[PDB]
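One structure, pasted below without further comment.
Please treat every number below as a calculation from the coordinates, not as lab data. Please note: Cβ atoms are built from the backbone with ideal geometry, for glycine as well, and neighbour counts cover all protein chains shown.
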Amino acid sequence: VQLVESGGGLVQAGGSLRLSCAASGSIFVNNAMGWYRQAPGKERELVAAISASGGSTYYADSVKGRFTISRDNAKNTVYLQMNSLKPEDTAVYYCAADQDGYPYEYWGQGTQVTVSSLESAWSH
């Protein structure tokens, strides 16, 4: 079972970025998938999760209304559309997919997202 995140990089505060994650090696349509992040110096946190059918979602309080999770079961992919990004959203983002039985969850290797503050928006 393997997961690979696509997308990442630098965005100016207020901007948007879409992350994707594709899974291989088993059936994923019957289990939840999601995204965690580890901001500098912080504990890793569950950012968003989505049920097998897509009919239920979960968001961390600090991203509600700004991030949207969705999935394409035919591609075994999960997406994180990040809008209204803020510098506090700077983190390594890890996709995850659940399965029945130990080890219960697989994690991707992570992708860096960096959101620049206004101090960098002009030369001074």
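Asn83 versus (1) at negative phi; (2) loosely packed, with under 13 Cβ neighbours inside 10 Å: which is the lone unmet condition?
Here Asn83 clears every test but (2).
Still on this structure, I have one more. Tell me which strands (runs of 3 or more DSSP E) are completely within segment 49-124 and hold 2 or more residues being polar (S, T, N, Q) and touching a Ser or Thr at 6+ places or on another chain (Cβ under 9 Å), or say none if there are none.
67-72, 77-82, 111-116
Let me ask you something else. Can you tell which of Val47, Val92 is surrounded by 12 or more Cβ atoms within 10 Å (Cβ to Cβ), touching a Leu at 6+ places or on another chain (Cβ under 9 Å) and among the β-branched types (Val, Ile, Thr)?
After ruling out the rest, the residue left standing is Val47.
Which one of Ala32, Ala60 is more than 24 Å from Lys86 (Cβ to Cβ) and either crowded, with 21+ Cβ neighbours inside 10 Å or in contact with a strand residue (DSSP E or B) (Cβ under 9 Å, 6 or more places away or on another chain) (or both)?
Result: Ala32 is the single residue among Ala32, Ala60 that is more than 24 Å from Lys86 (Cβ to Cβ) and either crowded, with 21+ Cβ neighbours inside 10 Å or in contact with a strand residue (DSSP E or B) (Cβ under 9 Å, 6 or more places away or on another chain) (or both).
Also, I was wondering about something else. Consider only pairs whose beta carbons are under 6 Å apart and that are at least six residues apart or on different chains; among these, list those whose first residue lies in segment 39-50 and is in contact (Cβ under 8 Å) with a residue 24 or more places away in the chain and whose second residue is among the charged types (D, E, K, R).
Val47/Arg37; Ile50/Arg71
Being surrounded by fewer than 18 Cβ atoms within 10 Å (Cβ to Cβ), within 27 Å of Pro87 (Cβ to Cβ), among the small types (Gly, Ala, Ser) and under 12 Å from the mean Cα position of the chain (by Cα): is that true of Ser16 here?
Details: surrounded by fewer than 18 Cβ atoms within 10 Å (Cβ to Cβ): yes; within 27 Å of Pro87 (Cβ to Cβ): yes; among the small types (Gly, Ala, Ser): yes; under 12 Å from the mean Cα position of the chain (by Cα): no.
No.
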